[PDB]
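Convention: sequence-line order gives letters A, B, ...; per-chain numbering from 1.
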Amino acid sequence: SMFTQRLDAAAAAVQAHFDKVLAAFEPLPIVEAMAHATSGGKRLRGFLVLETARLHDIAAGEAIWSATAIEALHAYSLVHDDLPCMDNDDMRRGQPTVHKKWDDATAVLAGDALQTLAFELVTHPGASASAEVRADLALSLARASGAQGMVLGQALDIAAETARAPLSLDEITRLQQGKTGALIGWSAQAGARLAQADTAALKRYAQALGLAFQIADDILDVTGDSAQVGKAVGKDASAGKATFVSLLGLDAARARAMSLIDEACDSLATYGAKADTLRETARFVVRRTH
Amino acid sequence: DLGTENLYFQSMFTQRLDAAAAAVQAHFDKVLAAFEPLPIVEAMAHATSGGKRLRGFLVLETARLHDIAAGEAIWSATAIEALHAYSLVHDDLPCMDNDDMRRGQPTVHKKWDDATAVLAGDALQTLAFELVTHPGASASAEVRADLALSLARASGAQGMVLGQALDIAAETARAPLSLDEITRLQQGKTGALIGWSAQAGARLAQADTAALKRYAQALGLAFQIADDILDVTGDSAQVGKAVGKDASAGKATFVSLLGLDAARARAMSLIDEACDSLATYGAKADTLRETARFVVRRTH
Ligand SMILES: C=C(C)CCOP(=O)(O)OP(=O)(O)O
Ligand SMILES: C=C(C)CCOP(=O)(O)OP(=O)(O)O
Ligand SMILES: C=C(C)CCOP(=O)(O)OP(=O)(O)O
Ligand SMILES: C=C(C)CCOP(=O)(O)OP(=O)(O)O
Ligand SMILES: [Ca+2]
Ligand SMILES: [Ca+2]
Ligand SMILES: [Ca+2]
Ligand SMILES: [Ca+2]
Ligand SMILES: [Ca+2]
Ligand SMILES: [Ca+2]
């Protein structure tokens with residue numbers, strides 16, 4: 001009840017911050033596309049930033065910059081992933097994708113500008129009184145987002161598409177760690193970085209959470225309803241992809257995801273009960289219907 | 001032959017530009033060596049190799065002007081070259097300007113495919129922010145954060161990508177733009193990154209940026225006029241990319257509006273304005289004065 005309330009409030013706060021910042025830009029189609037691509041979503045990543053910041057006694061009014069930043073980065077990655085030359089999706093978050101509503105060029109550019117906006121948001125002085133902190137947030141964001149992190153993941157996903165054999169569990173795990181793990185890792189570590197505090201516990205938490213999240217996303221592709229998930233389902237099989245469900249089967253995938261909840265929760269022990277919202281987030285990542 | 005010898009650029013300028021191009025390429029090599037050998041990474045290297053390095057050079061020479069070590073400045077120089085490279089990879093795509101050749105080589109989407117181009121361009125943008133925020137870029141975290149903030153404002157939907165979006169709107173309409181409209185578009189599309197490059201040395205030194213900002217406003221416009229002139233009169237073998245593109249795409253440019261002779265003249269007036277903006281630096285800015293002559297007189 002308290003978890004659900006916090007999540008709803010975080011989503012509202014992130015949306016309000018996007019509405020502020022994007023209303024400062026010129027009212028051109030590319031900016032309208034930026035606003036379209038950043039609306040909606042569960043706000044898992046932003047919520048992680050806000051709740052890890054709360055854990056470390058960082059002001060919400062500062063943490064919102066970093067929470068909006070990671071949502072802008074994540075949104076960019078989806079705008080490009082949905083492109084015809086990529087995964088070619090017509091719908092995202094229950095709405096047409098940017099290239100559908102506008103066109104491919106607008107999607108390329110809107111995505112590009114959203115990546116840039118992520119960096120503007122974390123380096124804005126509001127993000128932290130400490131320039132050490134802002135520089136560190138930006139550096140770690142770039143390393144999480146680029147060709148050692150999320151884009152590496154995207155590249156491995158492409159390699160797989162036409163791999164001679166199907167990937168092993170170890171290969172799809174390394175793929176997951178770039179493709180989804182990196183940005184979730186940045187989000188969870190954010191609060192510790194904001195406080196210049198040790199990131200080890202939250203890094204461990206996120207390693208487990210990110211894997212559970214991906215297993216859940218693979219399960220939604222197989223058993224979910226496009227009306228509730230807001231995107232096409234059955235995609236993975238159509239593309240012949242190894243996924244956690246193809247390798248493990250559904251029962252064992254679900255069970256592995258549940259065991260990862262325990263690992264994520266155990267990682268937080270040093271924080272005590274102040275980390276309970278992060279514990280419930282781990283349960284959410286597996287339970288969720290979308 | 002680019003006909004460079006025939007132009008008699010100053011010795012120090014020539015030596016410094018050559019050294020800067022070699023230093024930037026070396027830094028790309030070093031940084032990219034840490035990444036995995038996948039097509040996207042090979043495409044990142046491809047897209048970053050070559051070029052005149054005008055923007056990286058500006059960073060290195062404005063840092064020199066403010067007594068900032070080259071070993072620090074190289075980070076920011078490489079950063080801007082990574083950002084610029086990204087912008088070209090995306091611009092060259094089939095859905096954008098649809099170019100097969102850049103810097104005398106096949107473009108990324110030609111040598112690999114569109115997805116690889118999209119992603120390599122994406123990772124190069126990211127790499128630009130990695131490079132400027134790396135602790136090697138400055139001992140001051142305030143400097144690094146401000147370099148990254150200013151780079152984001154130069155690059156995003158108030159700067160370079162704004163410029164791109166305006167350009168697309170113009171091409172689609174085959175729009176007759178005014179001199180003021182072509183100027184505003186230029187300020188985003190090309191001025192913003194040149195401005196960041198020239199202000200970089202002052203920013204690295206926590207010094208006043210006003211002179212170098214004014215220098216770059218003039219330099220950037222002179223550069224763009226020169227680029228427009230190359231489209232009309234240049235040789236694809238020297239320029240390394242297709243020419244004649246602008247008329248076919250129904251793009252108003254400084255040349256289509258003013259004509260060649262008046263565009264050239266305007267570019268010459270801008271050399272003088274750029275040189276004038278450096279008067280408060282005295283002779284130490286001589287390399288930056290010759291750079292203004294290079295931007296107009298280059299053959300590529
Ligand atoms: C990384 C992946 C699997 C893309 C979708 O992420 P989410 O399921 O968190 O998407 P939104 O809530 O942002 O729509
Ligand atoms: C970095 C990105 C965009 C990860 C996308 O993974 P998916 O392709 O599984 O995400 P969905 O499209 O299924 O949301
Ligand atoms: C902004 C423009 C006109 C794109 C090409 O820039 P340059 O002519 O500086 O290209 P390279 O030297 O980097 O190839
Ligand atoms: C921001 C960018 C990519 C500037 C492109 O301008 P041009 O389209 O004139 O550059 P060229 O392709 O002619 O080099
Ligand atoms: Ca996808
Ligand atoms: Ca994919
Ligand atoms: Ca999926
Ligand atoms: Ca072009
Ligand atoms: Ca164009
Ligand atoms: Ca041109």
Parallel, tilted or perpendicular: rings of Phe294(B) and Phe9(B) (30°, 60°):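 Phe9(B) and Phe294(B): perpendicular rings.
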Does some side-chain heavy atom of [Y] sit less than 4.5 Å from a side-chain heavy atom of [X]?
| X | Y | result |
| --- | --- | --- |
| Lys52(B) | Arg298(B) | yes |
| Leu212(B) | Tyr281(B) | yes |
| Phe254(B) | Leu179(B) | yes |
| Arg45(A) | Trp186(A) | no |
| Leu127(B) | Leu32(B) | yes |
| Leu204(B) | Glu72(B) | no |
| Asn98(B) | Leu93(B) | no |
| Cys95(B) | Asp114(B) | no |

Rounded to the nearest 0.5 Å, how far apart are [atom1] of [X] and [atom2] of [Y]?
| X | Y | atom1 | atom2 | answer |
| --- | --- | --- | --- | --- |
| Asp91(B) | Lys189(B) | CG | NZ | 6.5 Å |
| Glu71(A) | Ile64(A) | CD | CD1 | 9.5 Å |
| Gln10(B) | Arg16(B) | CD | CZ | 10.5 Å |
| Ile168(B) | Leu185(B) | CD1 | CG | 10.5 Å |
| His84(B) | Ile80(B) | NE2 | CD1 | 9.0 Å |
| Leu288(B) | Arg64(B) | CG | CZ | 9.5 Å |

Positive for side chain to side chain donor-acceptor pair (under 3.5 Å) with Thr107(B), one of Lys111(B), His109(B), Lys110(B):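 Among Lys111(B), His109(B), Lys110(B), the one meeting side chain to side chain donor-acceptor pair (under 3.5 Å) with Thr107(B) is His109(B).
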Closer than 3.5 angstrom, by distance alone: can the side chain of [X] be matched with the main-chain N or O of [Y] as a donor-acceptor pair?
| X | Y | result |
| --- | --- | --- |
| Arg297(B) | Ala292(B) | no |
| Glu142(B) | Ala131(A) | no |
| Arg289(B) | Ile271(B) | no |
| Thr48(B) | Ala45(B) | yes |
| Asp97(B) | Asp99(B) | no |
| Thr299(B) | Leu2(B) | yes |
| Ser66(A) | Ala63(A) | no |
| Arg53(B) | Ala22(B) | no |
| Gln25(B) | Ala21(B) | no |
| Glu290(B) | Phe13(B) | no |

Geometric cation-pi criterion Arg144(B) and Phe119(A), 6.0 Å radius, 45° cone: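 The answer is no, since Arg144(B) fails at least one limit relative to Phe119(A).
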[X] with [Y]: basic N within carboxylate O range, under 4.0 Å:
| X | Y | result |
| --- | --- | --- |
| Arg143(A) | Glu130(B) | yes |
| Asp167(B) | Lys251(B) | yes |
| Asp231(B) | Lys245(B) | no |
| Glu181(B) | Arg184(B) | no |

Between [X] and [Y], which heavy-atom pair has the shortest distance, and what is it?
| X | Y | value |
| --- | --- | --- |
| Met44(B) | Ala147(A) | SD-CB, 3.7 Å |
| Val24(B) | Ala77(B) | CG2-CB, 4.4 Å |
| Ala85(B) | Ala47(B) | CB-O, 3.5 Å |
| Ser178(B) | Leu257(B) | C-CD2, 4.0 Å |
| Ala144(A) | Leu183(A) | O-CD2, 4.1 Å |
| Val295(B) | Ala222(B) | CG1-C, 3.8 Å |

Worked verdict on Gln224(B) versus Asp227(B) for side-chain hydrogen bond (donor to acceptor under 3.5 Å, both in side chains): CA-CA 5 Å; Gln224(B) 190 51 48; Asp227(B) 184 66; 3.3 Å; yes
Derivation and outcome, side chain to side chain contact (heavy atoms under 4.5 Å, CB included), residues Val161(B) and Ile30(A): CA-CA 9 Å; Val161(B) 169; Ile30(A) 178 151; 3.3 Å; yes
Heavy-atom neighbours of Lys284(B) NZ exceed 12 at 6.0 Å: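 Counting neighbours around NZ of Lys284(B), more than 12 heavy atoms of other residues, nucleotides or ligands fall under 6.0 Å, so yes.
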Full working for side chain to side chain contact (heavy atoms under 4.5 Å, CB included) between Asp235(B) and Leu230(B): CA-CA 8 Å; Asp235(B) 158 5; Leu230(B) 296 168; over 6 Å; no
For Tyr86(B), ring-ring contact (aromatic ring centres under 6.0 Å, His included) partners two or more places apart: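 So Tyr86(B) forms a ring-ring contact (aromatic ring centres under 6.0 Å, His included) with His90(B).
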Chi angles and distances behind the side chain to side chain contact (heavy atoms under 4.5 Å, CB included) call for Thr68(A), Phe18(A): CA-CA 7 Å; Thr68(A) 307; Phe18(A) 275 121; 3.6 Å; yes
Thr62(B)/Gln199(B) under side-chain hydrogen bond (donor to acceptor under 3.5 Å, both in side chains): CA gap, chis, key distance, verdict: CA-CA 7 Å; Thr62(B) 63; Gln199(B) 291 182 78; over 6 Å; no
Trace of the side chain to side chain contact (heavy atoms under 4.5 Å, CB included) decision for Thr291(B) with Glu61(B): CA-CA 10 Å; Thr291(B) 303; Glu61(B) 290 306 314; 5.8 Å; no
